[PDB]
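A short worksheet on the structure shown next.
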Amino acid sequence: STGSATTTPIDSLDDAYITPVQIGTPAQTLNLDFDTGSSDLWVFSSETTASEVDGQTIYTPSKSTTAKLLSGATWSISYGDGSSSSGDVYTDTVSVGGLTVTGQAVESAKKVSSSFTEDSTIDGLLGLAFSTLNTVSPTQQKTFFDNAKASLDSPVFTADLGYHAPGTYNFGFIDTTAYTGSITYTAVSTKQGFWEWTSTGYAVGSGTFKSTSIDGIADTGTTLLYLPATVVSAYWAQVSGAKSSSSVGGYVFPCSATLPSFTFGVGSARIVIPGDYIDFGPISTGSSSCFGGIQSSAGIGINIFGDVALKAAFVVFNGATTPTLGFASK
């Protein structure tokens with residue numbers, strides 16, 4: 001089998017991407033944030049504290065003839081941005097772009113943190129990291145990909161995120177018309193439960209490539225590109241007027257600037273992030289100070305190849321017995 005679904009930016013800055021997901025019988029379609037940095041499929045639901053729901057579409061398990069309460073199971077998660085949510089668990093039928101899993105754990109939120117409530121466009125998350133990170137207790141549950149894997153034509157999914165435009169998640173096949181040149185594959189460590197790999201270096205604009213190992217995770221659920229302070233300093237030094245602001249919480253730059261590109265290495269291959277991808281607009285409405293899309297990972301504890309990086313590439317998440325990551329230009 002295979003599946004294919006369009007993924008759409010939630011706003012004009014590409015802050016995140018939502019993908020429609022069919023849950024239950026009859027189908028309840030929710031728009032989920034596909035997140036290769038976490039491993040829970042959780043949704044706003046009829047059980048969510050009413051004051052914590054503001055415009056989201058909810059899953060109502062009592063209206064699904066295939067929903068079954070997973071007895072005694074609970075979940076609770078906290079993300080790297082400070083947000084959280086928790087609740088109980090059903091199993092139900094879940095389909096993504098024509099690909100169907102029966103008996104998928106669907107984590108129904110009883111509580112969500114304010115940042116989720118405030119974001120009307122995201123109805124929940126669909127985790128695509130390794131199932132070892134799944135938070136369901138006392139019995140850990142598998143991801144949608146993990147459940148689908150054996151049935152897929154090939155045990156892979158691909159992320160093709162657009163810049164200010166729709167893109168695609170495919171399951172089970174590689175669309176060879178969706179990228180240019182070749183796909184360069186690189187080793188993955190699953191030791192921390194992430195799609196963790198090592199970039200071979202970077203360049204700023206038309207500058208010389210610096211060969212240096214950068215360990216990080218491919219994370220579709222993170223907006224920005226978080227890299228070591230040395231790297232980030234080298235980038236923003238090429239933008240006149242850019243500075244790290246403690247009060248704003250990162251590098252800011254004059255909105256009148258033209259940003260240089262940023263290149264990262266995948267083995268001997270090179271992915272070029274155009275400068276425009278690194279502009280995340282005014283820090284506050286009407287400001288002429290703009291927020292940068294490349295920021296320091298110091299104090300995160302890990303480097304994160306988030307959407308800013310991933311949307312510059314066609315990315316293969318290869319879930320073979322020994323997982324690997326593939327990157328191509330597009």
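Since every read-out is calculated from the coordinates, none of them should be taken as a lab result. Here the Cβ positions follow ideal geometry from the backbone for every residue, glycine too, while neighbour counts run over all protein chains shown.
Cross-link candidates for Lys149: which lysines have Cα within less than 22 Å, leaving aside residues fewer than 8 places away along the same chain?
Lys191
Determine the relative contact order of the chain: mean sequence separation of Cα pairs under 8 Å and six or more apart, normalised by residue count, in whole percent.
Relative contact order of the chain: 19 percent.
Would you calculate, for the chain, the mean residue ellipticity at 222 nm contributed by helices, counting each DSSP H stretch of 4 or more residues as -39,500 (n - 2.57) and dividing by all residues, to the nearest 500? Walk me through the numbers on the way to the answer.
Working: 4 runs with 21 residues, N = 330.
Calculated at 222 nm, the ellipticity per residue is -1500 deg cm²/dmol.
What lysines could a cross-link reach from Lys330, if we take a straight Cα to Cα line under 18 Å and drop same-chain neighbours fewer than 8 places away?
In chain and number order, the partners are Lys311.
Using label points projected 7 Å from each Cα along Cα→Cβ, tell me how many nm separate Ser189 and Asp276, to one decimal.
Here the answer is 3.7 nm between the modelled labels.
Counting residues in the range 175-330 as N, plug N into 2.2 N^0.38 Å and put the Cα Rg over that result.
Here the Cα radius of gyration is 1.04 times the empirical estimate.
Which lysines does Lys110 reach when only Cα atoms under 25 Å apart count, and residues fewer than 8 places away in its own chain are ignored?
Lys63, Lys68, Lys142
At 0.36 nm per residue, minus the direct Cα-Cα distance, what do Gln140 and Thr102 gain on full extension? Give it in nm, one decimal, please.
This chain segment gains 12.0 nm when fully extended.
Using 0.36 nm per residue of separation minus the Cα-Cα distance, give me the extension gain between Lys243 and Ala229 in nm, one decimal.
3.8 nm is the gain from fully extending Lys243 to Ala229.
What's the extension gain from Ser76 to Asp215 if we count 0.36 nm per residue and subtract their Cα-Cα distance? All intermediate terms of the calculation are to be shown ahead of the outcome.
Details: separation 139, 0.36 × 139 = 50.04 nm, distance 2.76 nm.
Using 0.36 nm per residue and subtracting the Cα-Cα distance, I get 47.3 nm.
Rounded if a/c is under 1.5, else prolate if a/b beats b/c, else oblate: with a ≥ b ≥ c from the C-alpha gyration tensor eigenvalues square-rooted, which is the range 5-174?
Note, shape of the range 5-174 comes out rounded.
The range 170-276: which trypsin sites (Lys or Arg not before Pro) are DSSP loop and have at most 13 other beta-carbon atoms within 10 angstrom?
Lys191
Using the Cα centre of the chain as origin and beta-carbon charges of +1 (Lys, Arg) and -1 (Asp, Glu), tell me which of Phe173, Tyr59, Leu325 is placed farthest towards the positive end of the dipole.
My answer, from the dipole projection, is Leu325.
Once you place label points 7 Å from the Cα toward the Cβ at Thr49 and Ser83, how far apart are they in nm?
My value for the distance between the label points is 1.6 nm.
What percent do you get for the relative contact order of the range 175-330 when only Cα pairs under 8 Å and 6+ apart count?
Details: 348 pairs, mean separation 49.7, N = 156.
With pairs under 8 Å counted, the relative contact order is 32 percent.
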